[PDB]
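**Student:**
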(Lines of atoms letter the chains of each structure in order from A and count residues from 1; the text may use other names and numbers.)
(Lines give C-alpha, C1' and ligand atoms only; values in the text may rest on other atoms or scores of the structure.)
Protein backbone atom coordinates (compact mmCIF):
# COMPACT_ATOMS: atom_id res chain seq x y z
CA UNK A 1 0.00 0.00 0.00
CA UNK A 2 2.22 2.80 -1.29
CA UNK A 3 1.29 6.46 -1.69
CA UNK A 4 -0.81 6.08 1.46
CA UNK A 5 1.17 8.53 3.59
CA UNK A 6 1.48 11.36 1.07
CA UNK A 7 -2.20 11.20 0.13
CA UNK A 8 -3.50 11.12 3.70
CA UNK A 9 -0.90 13.78 4.49
CA UNK A 10 -1.82 16.35 1.84
CA UNK A 11 -5.50 15.63 2.49
CA UNK A 12 -5.00 15.77 6.26
CA UNK A 13 -7.83 13.31 6.83
CA UNK A 14 -10.96 15.19 7.87
CA UNK A 15 -10.70 17.11 11.15
CA UNK A 16 -9.47 13.87 12.73
CA UNK A 17 -6.73 15.44 14.84
CA UNK A 18 -9.34 17.87 16.14
CA UNK A 19 -11.18 15.12 18.01
CA UNK A 20 -8.01 13.96 19.76
CA UNK A 21 -7.01 17.49 20.72
CA UNK A 22 -10.55 18.20 21.91
CA UNK A 23 -10.72 15.23 24.28
CA UNK A 24 -7.05 15.30 25.27
CA UNK A 25 -7.41 19.03 25.85
CA UNK A 26 -10.47 18.84 28.08
CA UNK A 27 -9.00 16.05 30.19
CA UNK A 28 -5.49 17.48 30.48
CA UNK A 29 -6.75 21.00 31.17
CA UNK A 30 -9.47 19.91 33.59
CA UNK A 31 -7.09 17.54 35.39
CA UNK A 32 -4.51 20.29 35.87
CA UNK A 33 -7.11 22.73 37.20
CA UNK A 34 -8.30 20.02 39.60
CA UNK A 35 -4.85 19.29 41.02
CA UNK A 36 -4.17 23.02 41.37
CA UNK A 37 -7.46 23.80 43.12
CA UNK A 38 -7.15 20.76 45.37
CA UNK A 39 -3.44 21.20 46.12
CA UNK A 40 -4.14 24.90 46.67
CA UNK A 41 -6.73 24.32 49.40
CA UNK A 42 -5.58 21.02 50.92
CA UNK A 43 -8.00 20.33 53.77
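Residue numbers (the deposited numbering): 1 to 43.
C-beta atoms are modelled at their ideal positions from N, C-alpha and C, and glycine is treated no differently.
The alpha helix (DSSP H) spanning residue 26 covers which residue range?
**Tutor:** Segment 16-41, the alpha helix (DSSP H) holding residue 26.
**Student:** With a threshold of 6 Å on Cβ separation, who are the neighbours of residue 41 within its own chain once the five nearest residues in sequence on each side are excluded?
**Tutor:** Once the five neighbours on either side are set aside, residue 41 has no close Cβ partner at all.
**Student:** Do you know how far the Cα of residue 22 is from the Cα of residue 9?
**Tutor:** Rounded to whole angstroms, residue 9 to residue 22 spans 20 Å at the Cα level.
**Student:** Residue range of the alpha helix (DSSP H) that residue 12 falls in?
**Tutor:** That residue, residue 12, is in no alpha helix (DSSP H); it is neither H nor E in DSSP.
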